[PDB]
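These notes concern the structure reproduced below.
Atoms considered below: every heavy atom in the structure, side chains included; atoms not considered: hydrogens, waters and symmetry mates. Naming: A, B, ... by sequence-line order, numbering from 1 per chain.
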There are 4 protein chains.
Amino acid sequence: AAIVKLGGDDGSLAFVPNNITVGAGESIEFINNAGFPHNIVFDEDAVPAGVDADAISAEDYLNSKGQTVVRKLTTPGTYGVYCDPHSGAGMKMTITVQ
Amino acid sequence: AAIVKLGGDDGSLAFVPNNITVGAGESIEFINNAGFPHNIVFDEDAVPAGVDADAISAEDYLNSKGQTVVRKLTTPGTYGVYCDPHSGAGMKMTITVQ
Amino acid sequence: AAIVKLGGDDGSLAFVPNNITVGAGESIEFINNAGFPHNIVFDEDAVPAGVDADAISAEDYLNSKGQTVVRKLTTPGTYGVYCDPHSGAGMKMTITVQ
Amino acid sequence: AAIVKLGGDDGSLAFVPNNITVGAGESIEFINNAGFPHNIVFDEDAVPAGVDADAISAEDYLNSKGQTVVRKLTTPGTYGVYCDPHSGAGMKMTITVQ
Ligand SMILES: [Cu+2]
Ligand SMILES: [Cu+2]
Ligand SMILES: [Cu+2]
Ligand SMILES: [Cu+2]
């Protein structure tokens with residue numbers, strides 16, 4: 001089970017960490033930390049063939065500390081993730097599935 | 001009128017109870033309890049023929065204790081429900097309509 | 001300018017009032033009162049020909065007291081409005097435009 | 001980096017300022033100020049050819065003071081922006097890109 005914080009303790013508009021490697025079917029926990037609001041959008045152009053980006057995204061805004069979104073990915077490959085609100089700020093990450 | 005709590009008192013990411021039987025036209029009350037945020041998504045692949053899953057879902061995030069969503073189902077059958085945010089955590093239920 | 005409260009002071013899941021008459025171009029103010037969350041959905045099957053129900057709706061959840069949504073309607077006729085979350089509870093209204 | 005406040009200090013349902021000029025690729029910061037909730041919708045009929053209004057919008061409601069949405073625009077032209085909730089109130093702005 002991998003943990004990714006949304007917003008840095010210093011208030012940076014980043015995924016912490018912004019690079020992670022998980023096994024297929026391994027739980028990924030996104031925990032709302034700082035710099036609200038955030039969301040988790042899987043990039044339409046940077047997910048494996050056959051994966052439905054819209055289904056794995058979590059678009060509604062996370063506006064409170066400690067809120068969690070849990071996902072499991074099964075198709076191996078790299079996945080580009082970004083936070084819509086803070087896209088302009090470079091708030092994005094890469095998830096590698098094995 | 002059936003009551004289903006969103007999140008366990010212990011903070012489990014579950015529908016309590018996760019199995020319920022209601023009559024057609026009987027009110028179903030979903031009450032936000034713990035482990036925010038939650039939502040109520042009727043599974044496209046597990047609802048009766050003719051039911052419009054999108055119309056009975058309530059996709060916007062419930063972020064506060066005591067918030068209520070009220071639904072009435074009229075087509076008899078079983079309905080698979082899940083919480084998008086916590087899908088990865090197994091937060092799902094079954095509603096049987098008579 | 002017409003005022004419609006979302007939720008009764010007693011906590012009823014109602015539009016107060018649930019019947020109103022406004023002039024074309026007259027401001028309609030929806031004020032979040034009690035029994036959160038609420039939204040304002042214009043019924044696809046009960047709005048005048050040519051009106052785009054999706055454009056006049058305000059679907060994101062209103063979760064705080066005092067929040068306001070302002071609309072102006074120009075096509076004369078009756079408009080059926082409902083609160084998605086509390087549809088099961090009979091939380092609906094009628095707006096007559098002149 | 002341009003700053004635009006959502007809601008006036010006096011509680012007016014306005015973008016402050018409601019007219020701004022930025023360079024292509026320059027960061028635009030929308031900061032939630034007063035008169036919640038607000039959102040940022042780029043007008044389908046008033047953005048440059050080729051720009052995807054839906055991608056640059058930020059439709060989920062901003063319900064707290066200090067929340068920030070960051071955008072970067074690269075296609076030169078004028079862009080009409082409005083706040084859905086307060087459209088009826090005249091809460092709109094113009095962004096000129098160079
Ligand atoms: Cu973010
Ligand atoms: Cu949940
Ligand atoms: Cu309501
Ligand atoms: Cu606004």
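- Connectivity analysis of hydrophobic side chains (ILVMFWY, heavy atoms under 4.5 Å, direct or indirect) links A:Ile95 to A:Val4, A:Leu6, A:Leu13, A:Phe15, A:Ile20, A:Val22, A:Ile28, A:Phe30, A:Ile40, A:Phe42, A:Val47, A:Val51, A:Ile56, A:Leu62, A:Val69, A:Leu73, A:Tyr79, A:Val81, A:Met91, A:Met93, A:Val97, B:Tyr61.
- Legend: residues meeting side chain to side chain donor-acceptor pair (under 3.5 Å) with A:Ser87, ordered by chain and number and at least two apart, are D:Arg71.
- The list of salt bridge (charged side-chain N to carboxylate O under 4.0 Å, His left out) pairs with a residue in residues 12-38 of chain B, not counting sequence neighbours, is empty.
- For the salt bridge (charged side-chain N to carboxylate O under 4.0 Å, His left out) test, no residue two or more places apart in sequence or in another chain qualifies with C:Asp60.
- Taking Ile, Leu, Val, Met, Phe, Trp and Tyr as members and joining any whose side-chain heavy atoms lie under 4.5 Å apart, directly or through other members, B:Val16 forms no hydrophobic cluster with any other residue.
- Contact detail for D:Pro76 and D:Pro48: the closest heavy-atom pair is O-CG, 3.8 Å.
- A:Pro37 approaches A:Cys83 most closely through the heavy-atom pair O-SG, 4.3 Å.
- Hydrophobic side-chain contacts under 4.5 Å tie D:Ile3 into a cluster, directly or through other members, with D:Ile31.
- Residue pairs meeting the side chain to side chain donor-acceptor pair (under 3.5 Å) criterion with at least one member in residues 31-53 of chain D, sequence neighbours excluded: D:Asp9-D:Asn33, D:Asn32-D:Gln67, D:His38-D:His86.
- Residues C:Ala53 and C:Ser57 share a closest heavy-atom pair of O-OG, 2.8 Å.
- The side chain to side chain donor-acceptor pair (under 3.5 Å) pairs that include a residue from residues 11-20 of chain D are D:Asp10-D:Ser12, where partners are two or more places apart or lie in different chains.
- D:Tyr82 forms part of a hydrophobic cluster together with D:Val41, judged by ILVMFWY side-chain heavy-atom separations under 4.5 Å.
- Sorted by first then second residue, the salt bridge (charged side-chain N to carboxylate O under 4.0 Å, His left out) pairs that include residues 11-22 of chain D, not counting sequence neighbours, number zero.
- The stretch residues 89-98 of chain D participates, sequence neighbours left out, in no side chain to side chain donor-acceptor pair (under 3.5 Å) pair at all.
- Between A:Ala34 and A:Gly8, the shortest heavy-atom contact is CB-O, 3.3 Å.
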